[PDB]
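Here's a solo chain for you in structure tokens, the form deposited without the named molecule.
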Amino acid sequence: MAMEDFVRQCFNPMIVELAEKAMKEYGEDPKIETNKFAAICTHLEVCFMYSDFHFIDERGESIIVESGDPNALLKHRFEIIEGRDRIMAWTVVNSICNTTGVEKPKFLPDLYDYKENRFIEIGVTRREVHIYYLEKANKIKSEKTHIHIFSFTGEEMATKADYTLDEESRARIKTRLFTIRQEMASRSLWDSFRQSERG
């Protein structure tokens, strides 16, 4: 099994399509840069998972709701920036900055947290979490964007040791990353995937 085939069996086809469109906009070829493609799929899925089930009620409070209720039509606690094309990503960042008064980032982050009122940059790494954290922090002299890094081995590091989410939501993400690593190993793709990451 090539990595390209694994990606299509491992990830939901909507994620694969959003990831493919992002790669093309980002200028890379999914059929060549197969480890990048897997990484983008993984990161995007992690961005979706971070946001799942978290909402702001009509009383302005952050609550959790796992039942996919047909009447549950509340404002999401997070807005997702990743997966949108640049035009639409800036449209959303602009709206957020208007609606909330928060400082506009110079780089597109991945998420906005309506409770904490801050952008979030997500990192998913096969390397060491601390070094990836520093790389991100360096790359975005912003200082107002919260950084949250996950590794496939279950480590995490976030700005000021503030992990934003409850432990169970993070464990949900960590379980999906455990699974991806486990399944890659079984098809002998993990070693390649892990060494392929670069700064």
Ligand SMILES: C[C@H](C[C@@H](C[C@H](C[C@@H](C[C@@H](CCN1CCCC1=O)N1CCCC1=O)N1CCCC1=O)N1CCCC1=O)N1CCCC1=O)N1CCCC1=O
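From 1 onward, residues are counted along the sequence shown.
Just so it is clear, the following notes concern the form solved in complex with the named molecule, a form of the same protein that is not shown.
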Site status for the named molecule placed as in the entry with it bound, C-alpha superposition, 2.4 Å backbone or C-beta test: open
Contacting member of 129, 80, 102, 93, with respect to the named molecule in the entry with it bound [4.5 Å, heavy atom]: 80
In the entry with it bound, the one of 159, 51, 151, 169 near the named molecule [non-hydrogen atom within 4.5 angstroms]: 51
Partner contact for residue 185 in the entry with it bound: the named molecule, 4.5 angstroms, heavy atom: no
Close approach of residue 179 to the named molecule in the entry with it bound, 4.5 Å, heavy atom: no
Contact flag, residue 12 vs the named molecule in the entry with it bound, heavy atom cut 4.5 Å: yes
